[PDB]
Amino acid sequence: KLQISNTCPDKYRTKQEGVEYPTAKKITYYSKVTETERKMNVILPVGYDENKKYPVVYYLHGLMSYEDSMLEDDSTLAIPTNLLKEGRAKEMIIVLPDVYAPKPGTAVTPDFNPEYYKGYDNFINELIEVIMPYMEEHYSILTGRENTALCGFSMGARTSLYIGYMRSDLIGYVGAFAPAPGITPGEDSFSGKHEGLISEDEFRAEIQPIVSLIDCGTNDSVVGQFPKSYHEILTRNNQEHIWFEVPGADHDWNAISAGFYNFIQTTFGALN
């Protein structure tokens, strides 16, 4: 019963008086991938009961951000609770990683350059080898692709699409809010040639995402027409997905909240 909306109503992205919201806890954990101690926020659902098990959404920030950045607007914490209260989302655990996970010897200062991007690309290893096992060991989670969502903004949305299609066996639900250039070959004004992580014909999955969703503002000054280009390539490749544009929005929380609002309505069987 999917009804995509091109904006998030204020009442779903705002904390409502008299409603309890979950809180983030910052976790420090060791990564064999970066060979360093790293941080992530874990947001347990209201009333978290260790004798229950919960599905998990991993939500990835953009370039030059960090694990608290998706908490700077209340949509992240408010939307899943506000949908839950209307029976339109499932109870879930939300994880906000630090997505910049360079191998030792390759950490560089944030900037629009290929060497800095490599640390985001390496997040596929951080997520699968370190963060997912940590969550299974330390929290009462549901495992399996039907219980696992991955979404992100801008560079984190590029990274979500890359991981969600290359390892669709692990990730049931993929959400990409204004994804950055360079999943596939391309060229832009911020850093010139992007060689592409994969070719366009390779941007596909053997086992299909249960849900793949992509959005973007119509006037995004940072990633421009790249999200639309991904829609077009996925369509050419017969990859089922949802695409929509947020009218007049830029690289901003209107585009993000619209994406997350539609995405969380689909995750974990919420539509039955």
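For every residue, the number given is its place in the sequence shown, counted from 1.
Peer 1: Could you check the entry and say whether 96 to 104 or 186 to 194 has the higher mean CA B-factor?
Peer 2: Per the PDB record, 186 to 194.
Peer 1: So, looking at the entry's B-factor column for Cα atoms, which has the higher mean, 64 to 72 or 202 to 210?
Peer 2: The deposited B-factors put 202 to 210 ahead on the C-alpha mean.
Peer 1: Quick one: which of 87, 156, 164, 119 shows the highest Cα temperature factor in the PDB entry?
Peer 2: Of the candidates given, the C-alpha B-factor peaks at 87.
Peer 1: By the CA temperature factor listed in this entry, which of these ranks top: 41, 239, 34, 221?
Peer 2: Top of the list by C-alpha B-factor: 221.
Peer 1: Rank-wise, by C-alpha B-factor, drop residue 129 into the lowest, middle or highest third of its chain.
Peer 2: It belongs to the middle third of the chain when residues are ordered by C-alpha B-factor.
Peer 1: Please place residue 148 in the lowest, middle or highest third of its chain according to the CA B-factor in the PDB entry.
Peer 2: For residue 148, the deposited C-alpha B-factor lands in the lowest third.
Peer 1: Ordered by C-alpha B-factor within the chain, which third holds residue 172? Give me lowest, middle or highest, please.
Peer 2: Its C-alpha B-factor, which the entry lists for residue 172, ranks in the middle third among residues of this chain.
Peer 1: Going by the recorded CA B-factors, say which third of the chain residue 45 sits in, lowest, middle or highest.
Peer 2: For residue 45, the deposited C-alpha B-factor lands in the highest third.
Peer 1: How does the C-alpha B factor of residue 16 compare with the rest of the chain: lowest, middle or highest third?
Peer 2: Tercile = middle for this residue's CA B-factor.
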